[PDB]
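Here's the structure we're looking at; comments come further down.
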Amino acid sequence: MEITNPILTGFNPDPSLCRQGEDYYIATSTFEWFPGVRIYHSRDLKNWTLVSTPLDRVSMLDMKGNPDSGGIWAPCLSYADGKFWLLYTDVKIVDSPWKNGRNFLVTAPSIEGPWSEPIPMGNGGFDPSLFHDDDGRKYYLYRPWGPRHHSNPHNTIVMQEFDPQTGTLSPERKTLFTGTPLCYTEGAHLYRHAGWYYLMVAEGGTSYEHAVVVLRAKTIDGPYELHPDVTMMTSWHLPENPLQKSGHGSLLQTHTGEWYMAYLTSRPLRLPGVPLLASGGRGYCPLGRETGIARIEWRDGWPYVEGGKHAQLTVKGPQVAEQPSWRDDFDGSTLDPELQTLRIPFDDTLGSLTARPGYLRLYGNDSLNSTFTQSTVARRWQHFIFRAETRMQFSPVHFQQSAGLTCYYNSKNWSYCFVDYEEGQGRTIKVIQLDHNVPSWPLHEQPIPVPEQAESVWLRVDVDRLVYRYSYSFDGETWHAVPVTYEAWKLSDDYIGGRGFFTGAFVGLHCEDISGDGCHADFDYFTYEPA
Amino acid sequence: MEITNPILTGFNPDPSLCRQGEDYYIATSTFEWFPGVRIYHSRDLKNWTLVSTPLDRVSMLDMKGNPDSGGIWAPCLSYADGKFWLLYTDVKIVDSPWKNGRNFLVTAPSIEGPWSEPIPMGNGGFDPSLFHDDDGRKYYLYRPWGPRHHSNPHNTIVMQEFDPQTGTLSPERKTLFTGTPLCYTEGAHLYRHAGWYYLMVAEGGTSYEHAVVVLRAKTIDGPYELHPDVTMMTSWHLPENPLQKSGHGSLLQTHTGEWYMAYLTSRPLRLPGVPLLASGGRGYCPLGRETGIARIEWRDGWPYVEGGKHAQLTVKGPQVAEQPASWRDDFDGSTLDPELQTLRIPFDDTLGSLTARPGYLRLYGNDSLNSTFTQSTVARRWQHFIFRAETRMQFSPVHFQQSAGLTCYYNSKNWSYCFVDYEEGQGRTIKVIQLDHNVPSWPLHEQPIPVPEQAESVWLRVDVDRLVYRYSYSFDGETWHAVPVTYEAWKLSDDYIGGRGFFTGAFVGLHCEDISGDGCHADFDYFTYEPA
Amino acid sequence: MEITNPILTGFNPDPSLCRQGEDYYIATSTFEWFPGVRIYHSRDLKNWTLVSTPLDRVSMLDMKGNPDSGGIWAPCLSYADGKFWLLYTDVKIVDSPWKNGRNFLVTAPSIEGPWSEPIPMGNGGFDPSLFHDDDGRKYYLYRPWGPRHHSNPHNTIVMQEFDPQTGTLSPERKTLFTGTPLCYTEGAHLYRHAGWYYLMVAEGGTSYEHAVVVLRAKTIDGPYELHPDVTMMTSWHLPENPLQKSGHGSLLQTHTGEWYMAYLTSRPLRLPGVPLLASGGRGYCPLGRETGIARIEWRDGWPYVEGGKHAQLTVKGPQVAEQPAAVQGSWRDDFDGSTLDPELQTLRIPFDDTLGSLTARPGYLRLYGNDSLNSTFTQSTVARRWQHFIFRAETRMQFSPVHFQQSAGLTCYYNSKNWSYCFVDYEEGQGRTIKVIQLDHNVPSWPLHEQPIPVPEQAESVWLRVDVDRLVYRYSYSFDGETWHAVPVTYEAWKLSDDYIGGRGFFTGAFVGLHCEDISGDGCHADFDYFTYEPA
Ligand SMILES: [Ca+2]
Ligand SMILES: [Ca+2]
Ligand SMILES: [Ca+2]
C-alpha cells in the first residue's frame, strides 16, 4: 500500500483523527463558512469521503458578523464511552493584540447524528482537547489567550478536570508546558503509550516555521521532558521540499498495531526570479492548508517519523485491504455537500431550490465585502489547473443589481465577474477585484454589451497555476475572453498576511442587490472540471 | 437674547432640527452606542434637555457585531400629519472601498413614544431624508453608495416618491444633483420657501474642509442652480477660528417668523510647536463633533448666515422669553441614568443588574474592550477639556483573566483602561493597558501596584487636563496615590486615528471583563463627573 | 502695458529682483544643475531674456556628490557702490532632520563681467541677504538652521554687520523675528521706504500654504510689528486659482516711481475624479516653480498687492515702452558652434572633455560614456527645462554599442529616483534594440527588456522623439526620418512633479535632455546631430 499526500486537497486544515473500530474519521476546521466542521471517512487511510457536517444549525453555531479568519478554529473529535465528542472554538476577534472566543462541546451516538445541543466549556483559550484516561477520568487541555499571552512573551498549556455526569469543569488549572524557543505553542494533545504520558504540541506558527514538538512524563501533571531532537516533524530546513508548512499533528493508533498521525501541509507556487529564501520567495499557496498523513515508529520510548522529519509525498499504508469531475445540476431538494455559504445557513433568505425546479435561485443581498448576509454559494479550489462554468439567467433593472462568478479568499481579497445593467446601454459585463482592499474596475468605463435576445449568459473561469482568466458566451458554442489577466497567487495566505491568514481560495456563485428592492438570478448548473 | 454655540457638547453630530407648535427638537446620531438616537428639547433654542431615546429595543435596532464607526448614522426627524417621523441608517460596512447598510422608518404620536415597528425603506444609500410637500405627496431623498459611488468619481443625490397609506416607494429614481469640485456630497434636505425649492447639501467631508452648499429650483425634479457664493457656511479658510468643521446643516423656521439652521462643529486642541497648516497642525478634537446653531437671513431669494460664512461662538436668539436655565449616578433606581450608554447591545441581565444588590451597579464578566459582540461597559461622553471622574469599586478576582475598572474609550483599537486584577504570587493588583492604533502598551504588568488584602473598597479616578490625563487610586477615600503613567488625550481624537471610521469621540465609563468565562461580578457604588 | 504671468516659464524659483539705471535683472536658483544661477534682463518688466550664468567654474562652485534638491538655493543679487553682489548657498544635506551648507559672496562690475573669487560668509543658515543702508553700513540677514531650528519649534531671522573693506562679519547676532503660527519662516529681506524699515518674510513652506508676511519698525534691530492683515500675498484660500504656491517675494522700486514685487508660483494640473481638497487634489505641477510679477500700492504705511492677495494672470506694467519681443518656442540647437546653447545644462559638473566634446566631430555633440542617471557624481547628461504642457522634443543619434552596459538616448528627468529613459543598446542575441526604463519613487519599471524593438543593421541613424500632452507623454522612434513608430508604453507626466514625489527635496521640476551611459567603463560615445523643442 502507498498513500499519496495530501490525502485531503484544498482548504482543509487542523486534522483531528479518531477511530471507531475499523472506521477512521478526520475532522477539519471550516472557519467562517457554513456548515462548520467537515468529517471524512476511510477504511484504508488512503481514500477519504465526506460523511458529516455536524454544525448545521444556528442554535449550535452562529457566525453573523464574525471577522475574517474567525469562526470555527481547530476542532477536536474523539470517541469514548459509546459516543462521539466534538469540541470547537468560535473566535470573535482576530485583528487585535489578543483574541476572544467561546468553546463548546457536542456529542452524538453516531457520526451521522443526531448531535446534542452545545454545552459551554469556558472561553479561556483555543485549541481545546479532551483526554479520556483509562481510569474513567477526563481532562480538558487548552492554550490560554489574552493580554501578554500571545507569545509576548507567554505561551502556556493548561489542564482542567472534566466531569461527564454533570457537565462542569473544575476551577483548578495546572500548567503542563511553558514553551520552546520557537514559540507559538498550540495544538495540545495527550496520549498514553507504554507507561508514559505523551504531550504533542505545535510550534513556530502555521507558516513555513511550523513544527511538531513531543514531550513525555510519568504523571499527568508533569514535569515534562522534551524530545531529544526537540522537533519531531518540520519542513522549515528544506525550502525546496514539495510539501511545506508541515505541522499540527494528530496522532492515532490503528487496530493493526501501527501508528499514524495526520498533519497540515501546503504545496507552494514559486514566482520566477525571486530568490528562494527572500521575502515571499518560498512560494505562494492558493489552495490553502491541506491535510496529509505520516507513519510513526517507536525507538527507546520516543516517536519518530519514518524517512526523516520532512513531509513526504508517499507513505506506507496500513496492513488492511484496499478499498475501491464535479458538477451540480440543482435537480434535488438539498444543496451538494461540497457547496458552502458564508456565516449563515442556506434558507429562503438567500435562495431556494423549489421556486423554479431545476435551477438555483439566488436572491439579492449584500456585496462580497460584507460580513453579515451575502448570497454566495462557493466551493474549494482543489487543483492548480481547473475550469469552472455556470449558466445564468438574470434581468437587472438598475446599477445596484449584479450576479455572476467569483474567486474568493476573504472580504478584502476577491475577484468578481458579473452581469449588470447600465442606464442607456442595457445588460453589460464587468469585473471587480479587491487586492488588499484596493479596488480595480477596468471595464466599468466601457463594458461588454449583452444582446437583448440572449436568454442565457454563460460564465467561466480558467486557472492555470499563477494566472486565471474569465470568459463569457451567449450561445454556449462560441466563447469570448474578458481582456483582464489576474494573478492567482494573490489569493494566497503568504501574500495577504496579517493576523488572519488561515483560509484558502474558493470558487462559487454570487448575486447581490445593494438597493434592497428585490432581484433573483437563476443558475442552471455548476461544473468544476480539472485538467 | 444670546446663544453660546456649542449648544450640545460632546459626541453629538448630525443635528436634525424639527418643531411642533412651540417646541423644538434635535436628533443626533449615536453610531455604535445603545440606545440609538438622542432627542433634545427646547423652547428658546438656548437651553437643551434630553427627552427621548426611541431606538431602545433589539427588534428596532440590532448592532451585535457591527463595525466601528458604524451603526446609526445621520438621522432625520420630521413632524407632519399629526405624528413624528424618524429615518435612520444601520451601516454594516465601514472599512472598505464601498459601504453597505439598511434604512428604516419609525413613527410615534408623541416624542416619548410609543414608537411603531420599523418599515424597510431600501438599502441604496445613507443620509436619508423625507420631504413633506404642501400638496400631500412625500418624497424620499438619499445619496447612493456602492462601487464607484464614493466620490470615485460619482456622488449623486436621488429622489423617490413615497406612499404613506401603503408604505411603499416608487421604483423610479430621479437625480437632482451631481456634485461640485468639493465632492463628498451628502446630507440632502429639501425646503419650500416663497415659490422655490431649496436643496441643502454638505460637501467636502466631515473634516476641516466641511461646507454647506445651497441650490434652488422652480420644480422638484430640477434643474437646480448653485448659490452665488457656492458655499453658505464654511470654516476651512479660517484655520484659527475657535469652531471648525462647520457643516451638515439642518434648516428650520420658527413660529416667530425667523429662520435658524443647526450644524455640526468641533473645538480643536493644538499641540505646541506644530505648524498651523502642517499635517495635524489644525488641531485635535477629543470631544468629537458637537452641534451648534446659526441665524439665517434672506437676501434676493437666497439664504445667508448672519455675521459671515464661519461659525461663531455667540449668535442672536429668537424673540421668545428665556426659560429658566455636577453629574453623578448613585445607582439607586430601577434604570440607569439616561446619560449612560452601552455598546451595541441593550442593558439586560447578561450585562448587569441594578436589583441583585440594591444601591450598587453589578457588572458581570464578558469580553474585553477590543470586542464587537458583548462587553459589560457603561460609559458616558466627555463634555469638557478639564474634568474628573470617580467611582467606588468592590471586586474579588480569582485568576488573571478577571478584571474590572475605569476606562477612556474612543473605538475598539484606541482606548485606555485602569483596572484591578489578580496575580498568582501577589494577590489583588492594579494595572493599566493602553491601545494606540492597535499597538498595546502595558507598563505596569512586570511590577504591579499591590492592594491590601483587607481593603473592602478600591477607589478609582481619572483626571483630564486638556492634552493629558492621569489615573489615581485609593483604599480609604481620603489619601490618593497616582499611577506613574501619563497619557495623551489628543490620541482619543478623530484627527489622529483616521481611516474610514473617524466619526465618534471619547467616552469615560466603567468596565468589567472575564475572558475565562467562569463568571465574576464587580459592584460599583456610584459614578461622578465633576467639571473644573 | 499688460504683463502675463508667469514671466519666466519652467523651473525658475526664488526670484531676486534688482536694477541698475533703467535695466532690471532677476536671479533664479538652479539647485543641482550647472552652471548655477540664471540672470534674466528686461527693460519693461514684461519680456525677459537670459544675460548671464555667473557660477560657471569649479573654483566657485563644486557640487560633486551633492544630494538631490541640494546645491544652489535661493540667491541674493544686489547692486550698490558701482558693482553687483551675489550671495549663494551650497546646501550639502537635504534628507536629514537638519541641514548643512555654505554661503559665499561674489562681485562683478558688469552682469556679464568677471566675477571675483568667493568670500566665505558663514555656514550658519540659508537664505542669505545683504542690506545696503543709506549711511554706508551693510547688514547680513539669514535664517539659522540646525537641531531644533527647522520649525521644531524655532524659526528665527538673525542679522550680522558686514564690513565690505575687509570682508569680515561681526560675531554678534541680533534676532529680528521669531515666527507666526504658519511657520517655516524664511526669505528675509530688508527695505527702507519713508521712515520705516520693512522686513519681508516667506511663511508656510513652498507648497500651497505659501504666503508673504511684511513687518515694519523704526530702528533696524527692532522691535517689528506685523501687517494689519498678516499676509500681503497668498493663494492658499483660493484652491481654484490658476496660479498657486504664491510666495517668496522680492520687492523693487522702478525709476518711474512705481513698486513691483517678484514671486514664485506654479500652474497645477488636476487629475479627473479626485476631490479638490483631498490628498493631492489641488493639482500636480510638472513644470516646477515659476516666477511671476505683481504690483504694489501704498496705503497708510503698509504695502498691498493690487487686485487682492492672490496671484493674478494679468498685471499692469510700468510706464515704459515695450521694447519689441520675438517669436518664442521653436528652440533648437544644431551643435555647430563651440559652446552649448545657454538653455542646456549639465548635472553637478562643468561641461568639459570628460563628458563630451563639440570639436571631435564638427556639427555633432559627442557624449562620452559615464555613470547612469541614478548617479550623483558624473553623468553625461545635457538637458533643458520643460516650459509647456504640450510640446515635442526630437533628436537624431548615431550609436554602435557592443555590450549591454552601453546605452544612449532621450530622457525626462526630475531627480535621481524619478526619471524616464528611452535608449538604444545592444543585446547579445539580436543586436541593436530600443528599450525604456522608468524610475518612480525608486522602483524600476522595464517593460520592453524581455521583447525589445529590433533596429536594422543598415540603419545609419536612429531618430527619437518624446510627445508630452498634459497628463501623459509617450516615446517614438524612426529609422528614415519620415515614417514614425510609437513605443507601446504610456507614461504619466504628473509623476515628475513635486507634489507627487514629496520629501524634504521637492524643490525643482522636470527636464528633457540627452543622456549617454557606459557602466562598463570600456569607453563609448554617442553622436547627436540636433535637439529640437517645438511647442504646440
Ligand atoms: Ca439543472
Ligand atoms: Ca449607590
Ligand atoms: Ca549639426
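Read-outs: derived from the displayed coordinates by stated rules, not from any lab. Because the Cβ atoms are built from the backbone with ideal geometry, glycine has one as well, and the counts that use them run over all protein chains shown.
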Among the residues of the range B:462-472, is there at least one that is within 16 Å of ligand 2 (Cβ to nearest atom) and either outside any strand (DSSP E or B) or among the hydrophobic types (A, V, I, L, M, F, W, C) (or both)?
-> no
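Residue by residue, here is whether (1) more than 16 Å from ligand 2 (Cβ to nearest atom); (2) more than 14 Å from every other protein chain (Cβ to nearest Cβ); (3) part of a loop (DSSP other than H, G, I, E, B) holds:
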site	(1), (2), (3)
B:348	yes, yes, yes
B:359	no, yes, yes
B:379	yes, yes, no
B:384	yes, yes, yes
B:390	no, yes, no
B:398	yes, no, yes
Starting from residues that are more than 21 Å from residue B:531 (Cα to Cα) and of a type in the set (A, V, I, L, M), keep the ones in the range B:484-516 and report whichever is nearest to the other protein chains (Cβ to nearest Cβ).
-> B:515
Residue within the range A:341-352 that is within 16 Å of ligand 1 (Cβ to nearest atom), within 21 Å of residue A:37 (Cα to Cα) and under 22 Å from the mean Cα position of the chain (by Cα) present | no
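The rows are residues; the columns are (1) touching a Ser or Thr at 6+ places or on another chain (Cβ under 9 Å); (2) closer than 29 Å to residue B:154 by Cα; (3) among the polar types (S, T, N, Q).
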| position | (1), (2), (3) |
| --- | --- |
| B:189 | yes, yes, no |
| B:193 | no, no, no |
| B:201 | yes, yes, no |
| B:223 | no, yes, no |
| B:237 | no, yes, no |
| B:240 | no, no, no |
| B:249 | no, yes, no |
| B:294 | yes, no, no |
When restricted to A:506, A:526, the only residue within 16 Å of ligand 1 (Cβ to nearest atom) and surrounded by 19 or more Cβ atoms within 10 Å (Cβ to Cβ) is A:526
Kindly indicate which of B:266, B:235 is buried (at least 19 other Cβ atoms within 10 Å of the Cβ), more than 13 Å from chain C (Cβ to nearest Cβ) and either β-branched (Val, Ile, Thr) or within 24 Å of the chain's Cα centre (by Cα) (or both).
-> B:266
Would you check if residue B:354 is touching a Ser or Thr at 6+ places or on another chain (Cβ under 7 Å), within 16 Å of ligand 2 (Cβ to nearest atom) and within 25 Å of residue B:475 (Cα to Cα)?
-> yes
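Condition check ((1) under 30 Å from residue B:155 (Cα atoms); (2) within 14 Å of chain B (Cβ to nearest Cβ); (3) of a type outside the set (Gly, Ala, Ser)) across all residues:
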{"position": "C:260", "(1), (2), (3)": "no, no, yes"}
{"position": "C:272", "(1), (2), (3)": "yes, yes, yes"}
{"position": "C:278", "(1), (2), (3)": "yes, yes, no"}
{"position": "C:301", "(1), (2), (3)": "no, no, no"}
{"position": "C:309", "(1), (2), (3)": "no, yes, yes"}
Filter pass, residue A:409 being away from chain B (no Cβ under 14 Å), crowded, with 21+ Cβ neighbours inside 10 Å and among the hydroxyl-bearing types (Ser, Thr, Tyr) = yes
Any idea which residue in the range B:465-503 is nearest to the chain's Cα centre (by Cα), counting only those that are crowded, with 18+ Cβ neighbours inside 10 Å and among the acidic types (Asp, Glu)?
-> B:494
Only one of A:126, A:131 is within 14 Å of another protein chain (Cβ to nearest Cβ) and either touching a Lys or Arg at 6+ places or on another chain (Cβ under 9 Å) or not basic (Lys, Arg) (or both), namely A:126
Filter the range A:361-377 down to residues that are β-branched (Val, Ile, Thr) and within 20 Å of residue B:101 (Cα to Cα) and give me whichever is farthest from ligand 2 (Cβ to nearest atom).
-> A:376
In the range B:140-182, residue nearest to residue B:220 (Cα to Cα) [restricted to those that are among the basic types (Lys, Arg) and away from chain C (no Cβ under 14 Å)] | B:174
Only one of (1) surrounded by fewer than 19 Cβ atoms within 10 Å (Cβ to Cβ); (2) out of contact with any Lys or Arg (no Cβ under 9 Å at 6 or more places or on another chain) is not met by residue B:381, so which one is it?
-> (1)
Do we have any residue at all in the range B:334-346 that's of a type in the set (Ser, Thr, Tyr), touching a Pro at 6+ places or on another chain (Cβ under 7 Å) and under 30 Å from residue B:7 (Cα atoms)?
-> no
Determine whether the range A:434-453 contains at least one residue that is in a loop (DSSP other than H, G, I, E, B), away from chain B (no Cβ under 14 Å) and crowded, with 21+ Cβ neighbours inside 10 Å.
-> no
Restricting attention to the range C:142-163, which residues are surrounded by 13 or more Cβ atoms within 10 Å (Cβ to Cβ), out of contact with any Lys or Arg (no Cβ under 6 Å at 6 or more places or on another chain) and not in a strand (DSSP E or B)?
-> C:146, C:149, C:150, C:151, C:152, C:153, C:155, C:156
Within the range C:191-225, which residues are among the hydrophobic types (A, V, I, L, M, F, W, C) and in contact with a strand residue (DSSP E or B) (Cβ under 6 Å, 6 or more places away or on another chain)?
-> C:196, C:199, C:200, C:201, C:202, C:211, C:212, C:213, C:214, C:215, C:217, C:220
Hey, could you check the range A:164-187 for residues that are of a type in the set (S, T, N, Q) and more than 23 Å from the chain's Cα centre (by Cα) and say which is surrounded by the fewest Cβ atoms within 10 Å (Cβ to Cβ)?
-> A:165
Could you look through the range B:173-182, keep only residues that are in contact with a strand residue (DSSP E or B) (Cβ under 7 Å, 6 or more places away or on another chain) and in a loop (DSSP other than H, G, I, E, B), and pick out the one that is nearest to residue B:97 (Cα to Cα)?
-> B:182
Flag for residue A:478 being touching a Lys or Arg at 6+ places or on another chain (Cβ under 7 Å) and among the polar types (S, T, N, Q) | no
Just one listed residue, out of A:243, A:141, A:215, A:190, is more than 25 Å from the chain's Cα centre (by Cα) and hydrophobic (A, V, I, L, M, F, W, C), and it is A:215
Looking at the range A:519-531, is at least one residue within 14 Å of chain B (Cβ to nearest Cβ), away from ligand 3 (no atom under 16 Å from the Cβ) and under 27 Å from residue A:420 (Cβ atoms)?
-> yes
Within the range B:409-416, is there a residue that is more than 16 Å from ligand 1 (Cβ to nearest atom), part of a strand (DSSP E or B) and charged (D, E, K, R)?
-> no
